[PDB]
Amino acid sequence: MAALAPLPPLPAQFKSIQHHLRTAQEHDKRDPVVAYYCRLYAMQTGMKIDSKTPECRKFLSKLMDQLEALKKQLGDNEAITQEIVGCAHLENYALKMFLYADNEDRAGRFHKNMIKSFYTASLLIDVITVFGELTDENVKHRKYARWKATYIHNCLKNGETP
């Protein structure tokens, strides 16, 4: 599968999975396991939202093409064959970014990397629903991270200090 292999335009109704798909593309070489589950979350969320409008069914079909392609590429990778190994992989990576961004936050260092790490950590917790229900701790870290990210971002956007 090509780097940045294009899907058809994203249906307006799937606007809520836009950033999960972007995260997938950004990890397509760095970490195909993350890229795979990010797409899986987007597929599975898309189906629940609208799987009968034609545009959406087209989009979903193309997305499954990339999933199937990537499952092929990954083969006997344990993070794919064993869900819980995939879950631990994503969870450890989400926590890594969260602890990174949190450390920056506590030091008063506010910048694009710490903002993106907060928001990606929350996107990864979304993705972790494909392994089962979120824990109370997942839910709190997700909310916390989304808040810091959009808040710090909007401050800096408007020349204010958070």
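We number the residues from 1 along the sequence you see.
If you average the Cα B factors in the entry, which is higher, 119-127 or 64-72? Mean B over CA atoms: larger for 64-72.
Give the stretch, out of 25-33 and 108-116, with the larger mean C-alpha temperature factor in the deposited entry. The stretch with the larger mean CA B-factor is 108-116.
Report the third (lowest, middle or highest) to which the CA temperature factor of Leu134 belongs, ranking only the modelled residues of the same chain. Its C-alpha B-factor, which the entry lists for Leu134, ranks in the lowest third among residues of this chain.
Where the record places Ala12 (Cα B-factor, split into thirds across the chain): Tercile = highest for this residue's CA B-factor.
Relative to the other modelled residues in the chain, which third contains the C-alpha temperature factor of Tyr93: lowest, middle or highest? For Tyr93, the deposited C-alpha B-factor lands in the lowest third.
Hey, what third does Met43 fall into on Cα B-factor, ranked over its chain? Middle third - that is where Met43 ends up once the chain's C-alpha B-factors are sorted.
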